[PDB]
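Have a look at the structure below before the remarks.
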Amino acid sequence: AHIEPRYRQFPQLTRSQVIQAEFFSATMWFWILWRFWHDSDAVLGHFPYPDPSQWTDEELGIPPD
Amino acid sequence: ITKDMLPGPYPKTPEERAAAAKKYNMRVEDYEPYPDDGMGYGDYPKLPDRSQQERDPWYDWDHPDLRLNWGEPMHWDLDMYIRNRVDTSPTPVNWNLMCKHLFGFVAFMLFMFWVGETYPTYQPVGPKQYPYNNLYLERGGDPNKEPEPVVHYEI
Amino acid sequence: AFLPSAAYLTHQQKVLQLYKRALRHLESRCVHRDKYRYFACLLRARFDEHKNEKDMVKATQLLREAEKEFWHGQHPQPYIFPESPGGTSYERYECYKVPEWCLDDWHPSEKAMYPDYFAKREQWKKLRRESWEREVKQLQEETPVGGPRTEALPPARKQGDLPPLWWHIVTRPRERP
Amino acid sequence: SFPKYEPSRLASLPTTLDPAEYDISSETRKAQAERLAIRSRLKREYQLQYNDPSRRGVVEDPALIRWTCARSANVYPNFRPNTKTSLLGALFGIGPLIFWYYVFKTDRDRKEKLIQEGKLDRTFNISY
Amino acid sequence: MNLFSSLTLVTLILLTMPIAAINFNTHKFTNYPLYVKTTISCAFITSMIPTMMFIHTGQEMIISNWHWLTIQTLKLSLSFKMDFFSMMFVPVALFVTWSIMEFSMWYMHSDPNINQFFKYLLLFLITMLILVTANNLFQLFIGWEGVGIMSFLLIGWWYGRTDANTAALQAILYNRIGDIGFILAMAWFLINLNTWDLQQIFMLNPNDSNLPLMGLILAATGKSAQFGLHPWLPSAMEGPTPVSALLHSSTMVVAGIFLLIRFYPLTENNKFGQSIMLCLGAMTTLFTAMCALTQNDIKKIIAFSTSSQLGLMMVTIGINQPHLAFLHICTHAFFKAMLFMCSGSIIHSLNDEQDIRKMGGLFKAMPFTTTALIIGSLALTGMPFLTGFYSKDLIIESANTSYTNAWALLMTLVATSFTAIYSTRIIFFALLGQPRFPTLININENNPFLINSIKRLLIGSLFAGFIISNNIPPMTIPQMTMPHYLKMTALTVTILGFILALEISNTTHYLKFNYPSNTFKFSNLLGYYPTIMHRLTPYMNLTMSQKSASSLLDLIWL
Amino acid sequence: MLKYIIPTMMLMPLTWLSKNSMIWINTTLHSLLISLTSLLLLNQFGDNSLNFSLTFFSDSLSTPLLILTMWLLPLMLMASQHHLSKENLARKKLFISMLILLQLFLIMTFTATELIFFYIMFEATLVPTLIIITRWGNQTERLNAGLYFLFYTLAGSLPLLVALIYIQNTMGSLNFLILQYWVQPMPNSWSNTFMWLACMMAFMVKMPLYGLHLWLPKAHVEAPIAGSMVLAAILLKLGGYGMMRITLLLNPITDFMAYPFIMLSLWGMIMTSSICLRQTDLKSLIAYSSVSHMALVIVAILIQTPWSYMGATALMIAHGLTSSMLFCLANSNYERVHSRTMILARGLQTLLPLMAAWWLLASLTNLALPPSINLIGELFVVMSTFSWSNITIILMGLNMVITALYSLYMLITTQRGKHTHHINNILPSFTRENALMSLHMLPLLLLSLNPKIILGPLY
Amino acid sequence: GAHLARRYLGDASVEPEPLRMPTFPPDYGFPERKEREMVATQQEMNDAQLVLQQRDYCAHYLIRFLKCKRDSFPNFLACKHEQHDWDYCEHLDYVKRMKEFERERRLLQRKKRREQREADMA
Ligand SMILES: CCCCCCCCCCCCCCCCCC(=O)OC[C@H](COP(=O)([O-])OC[C@H](O)COP(=O)([O-])OC[C@H](COC(=O)CCCCCCCCCCCCCCCCC)OC(=O)CCCCCCCCCCCCCCCCC)OC(=O)CCCCCCCCCCCCCCCCC
Ligand SMILES: CCCCCCCCCCCCCCCCCC(=O)OC[C@H](COP(=O)([O-])OCC[N+](C)(C)C)OC(=O)CCCCCCCCCCCCCCCCC
Ligand SMILES: CCCCCCCCCCCCCCCCCC(=O)OC[C@H](COP(=O)(O)OCCN)OC(=O)CCCCCCCCCCCCCCCCC
Ligand SMILES: *C(=O)CCCCCCCCCCCCC
């Protein structure tokens with residue numbers, strides 16, 4: 001039996017469409033939290049970005065004259 | 001069709017104007033021709049240049065897509081003012097105000113891209129360094145000649 | 001302005017049409033339903049403030065600057081109904097609206113596929129052709145000298161007759177073929 | 001007060017903001033009634049032929065025939081060569097021809113001068 | 001070797017077989033749309049094997065199988081280029097088209113010309129895979145004009161409607177203005193390089209290649225709806241929903257971007273072409289995303305979305321990152337086809353209602369449609385580790401860290417915020433809040449065709465960026481070192497767009513009525529660009545086409 | 001060539017001794033057999049032309065025009081047999097005799113070894129065409145066209161006659177084979193300038209040239225369908241064939257005498273295409289499209305590169321087929337609505353779906369959809385004119401926008417939109433009409449498979 | 001990103017321009033500076049068909065990673081550490097580019113303070 005059209009009220013819902021929609025919403029947040037738990041660097045950062053001012057003049061070769 | 005419903009020369013006398021307005025099936029007061037400068041319009045009525053998009057859509061038309069009736073003297077550029085083409089309809093913003101906003105927006109975006117091309121952004125790095133004499137044989141250098149040494153050093 | 005029956009718009013019609021267009025463009029401005037319903041009663045109050053204006057020249061001027069108010073406050077893309085002109089589904093099925101006379105051009109092998117339909121269509125056409133001369137001689141004695149003044153047509157007066165100029169209005173295609 | 005709407009060639013004034021739409025005078029009643037009368041008479045003359053069963057063909061529209069005869073036939077016999085017609089037939093008639101003539105002649109003289117001086121890169125140009 | 005080329009040609013011949021079936025018909029069909037959907041499913045399965053054996057070794061080839069013409073130095077052969085671009089585009093296009101046709105078996109069920117519709121949609125697919133596999137400019141021009149003409153025929157599907165014919169002729173006009181530049185490029189390569197083949201173009205490697213690249217940029221402007229030649233892509237929403245889903249979001253409109261990605265060894269040695277692509281792409285991705293902020297038709301909003309994503313693709317070509325642009329094409333196809341499918345599911349459920357101001361309350365009425373629309377919007381905006389993260393964010397991670405036009409970068413970031421703005425605008429006016437649609441509820445989505453068709457592109461929109469970006473080889477070096485305010489750029493700008501548009505949406509519940517601002521009138525009437533030029537440029541043509549051309553000269557004087 | 005002239009002449013006792021109900025069937029059958037015979041002319045060689053006799057020869061330029069000419073006669077007999085049904089039988093046989101005589105003149109116009117026999121047959125083709133147009137044209141109003149035909153005779157064919165007699169006295173021959181090896185350079189002088197204009201202006205009006213195209217949207221309108229088919233398909237292409245023969249003698253003065261007329265065509269195709277956007281008359285729209293396509297052939301002959309000649313002869317064959325099909329579609333609506341007004345009968349895809357498919361295919365070949373030979377000719381001409389000057393691509397490409405614009409407009413106006421209400425005589429498509437559209441279109445589509453037979457002598 | 005403000009709003013005399021640098025010798029300030037060693041042979045990266053942008057001073061990690069990517073089909077998640085090695089050494093190459101940039105900026109500061117010391121003294 002199909003979904004009957006209704007008037008000025010909430011339409012009929014199937015159990016299957018609701019559990020599939022909740023299942024794919026859970027799949028979205030599962031995959032987001034999973035790849036955020038394992039990678040954590042594609043969003044935040046892979047390697048440290050060094051400070052240029054914190055480098056010494058000997059490794060860069062600046063003789064003071 | 002016969003001759004006395006076909007267009008003719010420019011109406012000079014008012015009785016020829018009345019005969020044409022009876023021929024073109026409209027009021028004599030509304031019937032104005034194109035001005036006789038010799039451009040060959042003849043005695044055709046100068047309709048006031050309204051696009052067919054502007055018409056009443058809910059009106060019972062003879063030609064619903066054209067929004068046009070039977071026996072109505074059509075516009076001279078009726079092929080031009082169809083709803084697939086040129087429209088003259090009113091707009092919410094003024095015409096010159098649209099032209100000013102469009103020209104200012106387009107020219108200002110062009111000028112800002114010219115400013116950003118004048119002053120480019122980059123990274124606090126040196127140039128990318130490649131081995132083997134700036135990859136001389138890879139970039140199409142001939143094997144018989146030998147270039148200058150492109151040597152990069154550790155840092 | 002441009003109407004089939006009247007040659008103009010009465011001032012009462014102009015007021016009602018401006019009120020309707022103002023509410024429609026307002027609902028376009030005012031998307032939510034309780035918010036539009038609040039502003040709709042406010043605008044109804046603004047229209048009923050000068051409902052009882054006797055002076056037609058003063059009401060003409062008030063209507064004119066009300067048109068200026070409506071033009072100053074209009075939405076650029078108002079809500080057009082889908083099958084309303086300017087809508088997204090407007091005149092969509094006009095490519096499916098085949099005129100009825102094309103059934104006359106069918107081959108008899110496919111006319112025989114629907115025997116009851118064309119066997120009834122024969123007496124529909126019979127009805128039309130014995131109604132035509134009676135409704136022509138109806139229209140020729142009621143129309144004044146100089147042609148008819150207004151585009152409206154008289155109805156069927158005698159019993160047994162049909163209303164004049166009726167076949168394309170009755171046998172028009174469905175809006176969803 | 002409010003910004004007044006500016007009409008244009010491609011942006012016409014609305015029916016609501018035109019002042020002459022709000023005419024109440026009896027001569028406007030006469031003009032509107034005569035327009036309604038001509039339109040109703042032409043509507044009746046159309047749909048007596050349109051709803052006729054004995055007619056099977058084309059309801060010929062002499063306004064349409066008159067429009068096509070104006071767009072095709074009436075162009076030459078109502079011409080008069082004067083200052084306006086001759087100057088406008090000399091502007092858009094022999095103007096852009098001369099324009100593209102000098103543009104293409106200039107570019108081809110430039111290209112020929114570069115080829116006979118060995119300048120133009122005509123290296124892999126063997127299809128022509 | 002004998003497997004790769006064989007299944008490559010079997011895919012295209014298999015796509016052409018239902019065209020012979022629909023042309024050799026006498027009976028009334030035993031579900032010809034199911035036959036075409038089964039055929040395109042199997043063509044997907046067939047094209048999966050050359051893609052997998054490309055990911056195994058990197059195996060590219062050319063099939064110059066049929067000699068067609070020899071104009072004295074130009075041997076035009078039927079030549080198919082199976083490279084990385086074909087091996088990643090053909091399974092994505094066949095997968096998306098398979099979902100679009102299982103969608104169309106539900107959506108286009110009331111149409112009595114359903115066999116003509118599936119025929120035209122298959123003809124589009126054939127011309128598009130002629131385009132993306134062509135090895136010379138001539139076969140690419142065949143596929144190019146083919147997708148232009150099938151665009152015409154599928155915009156003007158309801159050919160009785162005046163606006164559909166108008167939009168179709170508009171799209172043909174702007175595409176032929178792009179074809180001016182495409183034929184300019186073909187003319188330049190034939191005269192200066194004696195070839196239309198890609199291999200001789202790439203091997204000769206010309207240096208004075210500003211003029212053919214300007215021709216190709218004009219071609220991509222006409223085809224991918226870049227600024228100046230853009231408005232036909234919003235006009236082209238007058239066609240049916242699976243037309244706008246397949247063609248004008250994900251498959252046809254990437255072909256100008258694909259044309260510029262295809263010619264990457266010329267663009268990587270021409271900085272001027274890169275700068276012009278960067279400026280034009282930033283202009284388009286600003287303008288169309290700004291126009292999307294104040295629209296109310298949902299098909300118009302998602303068309304401005306896909307044109308802003310095309311402008312971003314043009315941006316990331318313009319920073320000399322073509323493979324990221326093509327990864328963004330393959331990524332963008334999934335969630336943008338799914339967003340058009342979910343919008344059209346709302347449209348067909350709400351009885352041809354497309355205006356978002358008469359929607360709402362569909363979070364619990366259409367749950368699967370709401371789920372997939374939220375997933376498509378979040379993949380569009382750059383939610384972390386959806387498919388749209390694996391390309392678009394990297395685009396920003398190369399748009400910041402490169403020798404770049406600074407204003408193009410700033411407009412790219414403003415576009416990145418605007419994507420979040422119109423995405424949560426769609427979710428606000430269409431899914432959230434209280435209902436605004438009329439009273440006779442016929443809301444329903446429980447057809448396995450609709451649910452499975454959105455489901456497979458949902459699996460794509462969740463997993464396909466991860467799967468593809470871990471299956472594609474490196475062709476550039478990914479710039480992975482940047483400061484933390486520069487690494488967190490795209491995410492923060494996207495969340496700022498969400499916050500700003502949520503404040504805008506919560507200013508609408510207030511009982512205040514403001515007069516319209518000039519920014520609202522500008523963005524709502526589409527930068528005033530389709531209002532002026534669609535009136536002025538026809539006028540100045542047609543009067544000039546009548547007064548002086550016909551009447552004055554060619555009937556009287558001459 | 002005498003295995004083609006004699007069957008074409010035997011079509012005269014075939015058409016006058018046939019029974020009264022059989023005269024269309026017999027002429028259609030035997031003209032289709034002649035068109036099947038016409039493929040023996042494909043014995044071409046990469047060095048030598050096919051040289052039959054002292055009087056007739058065939059290179060790869062004349063051969064496809066011959067095949068198109070011998071193919072055009074059955075199609076004209078199909079197209080013109082409906083509106084001659086109430087005609088007298090003897091007048092009907094006179095019509096068929098004038099068609100056969102026009103084919104007879106054309107198939108030895110294209111094979112003319114010597115140039116004054118080309119001139120005699122070239123100006124012989126005008127007389128049966130004139131009689132077909134003015135005896136079966138259904139209305140004749142030619143007050144301005146008489147003076148234009150006088151201008152054609154003054155500025156055209158008569159200076160060509162005097163110039164060819166002058167070459168006969170100077171070179172000693174007008175054999176094109178001899179003139180391949182005895183050609184002298186035609187240097188810069190005023191005598192050679194009037195020589196160039198005399199050798200070229202007849203063929204300039206026959207193409208037609210822009211500014212000289214005033215006859216063609218009249219003569220196409222006032223003609224029957226067979227007359228419009230043979231004007232669009234063959235009789236314009238006599239000018240291009242004659243230019244490609246006579247420009248052998250006009251070197252190197254052509255290299256600076258082409259510059260005015262090239263402008264007249266390069267701007268001219270911008271105008272006439274634009275003129276097609278404002279046509280009320282559908283048949284006039286197809287006429288101005290024919291001008292807008294023959295302008296490219298004029299440019300491609302005047303720039304005289306190999307790619308331009310290949311594109312020009314491919315464009316000539318393709319446009320012959322395409323514009324003949326367009327006039328036949330225009331007649332297939334005119335025989336129903338009895339008016340040529342393009343805005344009269346609209347929305348015809350609702351009523352005639354297969355005929356609207358033929359309209360779609362003829363429009364796509366009209367706007368040069370690849371890989372059709374319309375596009376191959378268009379494209380090769382555009383490549384060669386880019387080699388001539390790199391700016392002309394603009395004037396090419398802008399034309400290639402407007403050529404699309406009126407092609408679909410003609411599709412959108414006539415076939416799409418809402419159907420006209422007061423027209424109820426729209427019959428279904430007769431099998432004759434669909435056969436006529438297919439015998440136009442299917443050869444045009446099959447020539448995309450093997451275009452090398454329509455690319456001229458220097459393929 | 002602050003150096004963009006230092007070069008545009010400040011002076012471009014002390015900020016090293018991106019297009020042509022180093023403007024200083026490589027031995028200037030470096031006693032016995034050594035070259036940059038290339039690990040992968042020219043013929044080895046020739047046969048590995050690497051992109052000309054990818055044949056830098058650390059393409060040998062990329063060759064090991066691509067060999068792992070070919071050999072681990074269909075398990076496309078089995079060579080994360082080889083990609084990590086290549087990305088880390090590209091990161092170190094970028095750090096060396098940053099060190100070259102900071103060297104050039106500090107030697108231009110040396111030149112600026114040198115001419116200011118000369119204008120103060122002489
Ligand atoms: C030598 C042997 C060769 C064998 C192979 C054949 C080679 C080509 C031959 C001709 C191909 C076209 C034939 C059909 C079209 C004409 C008739 C028609 O309209 O029928 C509709 C009808 C189907 O429609 P319907 O629903 O039944 O009724 C009509 C509808 O009411 C209303 O119709 P509708 O609107 O629903 O549908 C119309 C639709 C409308 O669709 C379109 O308009 C879309 C077309 C354009 C876009 C797509 C194509 C773009 C280009 C790419 C493809 C070409 C290159 C591919 C190669 C690889 C890449 C380079 O058209 C089609 O579906 C036609 C399909 C083929 C189109 C070809 C291109 C036409 C575009 C213009 C020219 C383009 C360049 C030249 C192409 C040359 C190709 C060789 O078809 C038939 O009934 C078929 C009749 C029999 C056809 C026989 C074909 C062969 C004839 C040659 C005989 C001699 C050789 C012997 C071979 C025999 C083989 C059996
Ligand atoms: C169900 C249908 C299938 C058939 C079933 C029954 C037969 C069983 C299968 C076996 C078939 C027979 C054996 C194989 C075929 C013969 C192979 C062979 O050598 O054939 C000779 C040739 C091969 O070419 P070639 O190189 O030998 O010779 C070319 C000819 N010259 C040199 C003169 C120029 O022809 C073919 O193979 C023809 C088939 C081609 C297939 C593609 C056709 C596309 C048409 C598009 C038209 C427009 C093109 C535009 C684009 C051009 C490029 C940009
Ligand atoms: C990367 C480089 C970028 C360079 C950018 C600058 C160059 C390009 C400049 C812009 C050119 C295109 C814009 C102007 C023409 C647009 C015409 C058009 O699209 O018309 C659409 C119009 C209907 O539009 P609309 O009002 O939306 O309809 C729906 C409701 N009526 O439809 C109609 O009114 C129907 C009209 C039919 C006839 C059209 C006549 C005009 C033809 C214009 C040809 C332009 C050729 C340009 C060639 C350039 C060569 C270099
Ligand atoms: C210097 O600022 C280097 C960074 C690149 C140029 C400036 C980019 C500014 C915009 C991006 C960061 C925005 C953070 C909200």
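Whatever order the structure lists them in is the order used to number ligands and atoms, beginning at 1. Order of the sequence lines fixes the chain letters, A, B, ..., with proteins taken first and strands second; residue numbering starts at 1 for each chain.
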Are there protein heavy-atom neighbours of [atom] below 4.0 Å?
atom	value
atom 21 (C) of ligand 2	no
atom 53 (C) of ligand 2	yes
atom 34 (C) of ligand 2	yes
atom 29 (C) of ligand 2	yes
atom 42 (C) of ligand 2	yes
atom 26 (O) of ligand 2	yes
atom 14 (C) of ligand 2	no
atom 6 (C) of ligand 2	no

Closest to atom 47 (C) of ligand 2 among protein heavy atoms sits F/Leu449 CD2, 3.7 Å
Show your reasoning for whether side chain to side chain contact (heavy atoms under 4.5 Å, CB included) applies to E/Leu9 and E/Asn65.
CA-CA 10 Å; E/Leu9 293 177; E/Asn65 58 4; 3.8 Å; yes
Hey, are the side chains of [X] and [Y] touching, using non-hydrogen atoms and a 4.5 Å cut-off?
X	Y	result
F/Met410	F/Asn366	yes
F/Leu408	E/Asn165	no
F/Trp358	F/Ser438	yes
E/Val243	E/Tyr120	no

Hey, is the main chain of [Y] close enough, under 3.5 Å, to the side chain of [X] for a donor-acceptor pair?
X	Y	result
E/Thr489	E/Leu486	yes
E/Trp196	E/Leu76	no
E/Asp197	E/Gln200	no

For atom OH of G/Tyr8, is the number of surrounding heavy atoms from other residues, nucleotides or ligands below 6.0 Å larger than 12?
yes
Mind jotting down which protein residues get a heavy-atom contact under 4.0 Å with ligand 1? Chain and number order, please.
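Residues near ligand 1: E/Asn23, E/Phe24, E/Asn25, E/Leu78, E/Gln116, E/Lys119, E/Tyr120, E/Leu123, E/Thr127, E/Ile130, E/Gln139, E/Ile142, E/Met150, E/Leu153, F/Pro353, F/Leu354, F/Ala357, F/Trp358, F/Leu360, F/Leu361, F/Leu364, F/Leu369, F/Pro370, F/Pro371, F/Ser372, F/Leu442, F/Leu445, F/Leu446, F/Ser448, F/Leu449.
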Which of these, E/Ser64, E/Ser79, F/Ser448, has its nearest heavy atom closest to atom 48 (C) of ligand 2?
F/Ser448
Closest heavy-atom approach to atom 31 (N) of ligand 2 among E/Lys75, E/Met17, E/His67 is made by E/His67
Test F/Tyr459 against E/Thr70 for side chain to side chain contact (heavy atoms under 4.5 Å, CB included), laying out the working first.
CA-CA 8 Å; F/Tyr459 169 74; E/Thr70 303; 4.3 Å; yes
Would you say E/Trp66 and ligand 2 have an N/O pair spaced under 3.5 Å apart?
yes
So, does E/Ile142 sit close enough to ligand 2 that a heavy atom of it is under 4.0 Å from the ligand?
yes
Close approach, E/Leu76 and ligand 2, non-hydrogen under 4.0 angstrom
no
Below 4.0 angstrom, N of the basic side chain to O of the carboxylate: do E/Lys487 and E/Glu397 qualify?
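Salt bridge: yes.
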What part of E/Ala134, side chain, backbone, both or neither, has a heavy atom within less than 4.0 angstrom of ligand 2?
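Neither; nothing of E/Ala134 gets under 4.0 Å from ligand 2.
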Heavy-atom pairs closer than 4.0 Å: do any link ligand 2 to the side chain of E/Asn136, the backbone, both, or neither?
side chain
Out of G/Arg105, G/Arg7, G/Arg6, which residue meets the salt bridge (charged side-chain N to carboxylate O under 4.0 Å, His left out) rule with G/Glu15?
G/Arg6
Output a table of donor-acceptor pairs, distance under 3.5 Å, between side-chain atoms of residues 18-28 of chain E and any protein atom two or more places apart or on a different chain; print 'none' if there are none.
| residue | atom | partner | partner atom | Å |
| --- | --- | --- | --- | --- |
| E/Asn23 | ND2 | E/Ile19 | O | 2.8 |
| E/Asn25 | ND2 | E/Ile22 | O | 3.1 |

Contacts under 3.5 angstrom, residues 404-414 of chain E side chains, donor-acceptor by atom type, not counting sequence neighbours:
| residue | atom | partner | partner atom | Å |
| --- | --- | --- | --- | --- |
| E/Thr404 | OG1 | E/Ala399 | O | 3.4 |
| E/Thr404 | OG1 | E/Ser402 | O | 2.9 |
| E/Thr404 | OG1 | E/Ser402 | OG | 2.3 |
| E/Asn405 | OD1 | E/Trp407 | N | 3.4 |
| E/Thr412 | OG1 | E/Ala408 | O | 2.5 |

Quick check for students: name every N or O atom pair between ligand 4 and the protein closer than 3.5 Å, with distances.
| residue | atom | partner | partner atom | Å |
| --- | --- | --- | --- | --- |
| ligand 4 | 2 (O) | G/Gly1 | N | 3.4 |
| ligand 4 | 2 (O) | G/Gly1 | O | 3.0 |

Looking at every heavy atom in both E/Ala420 and E/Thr381, which two are closest together, and how far apart are they?
CA-CG2, 3.6 Å
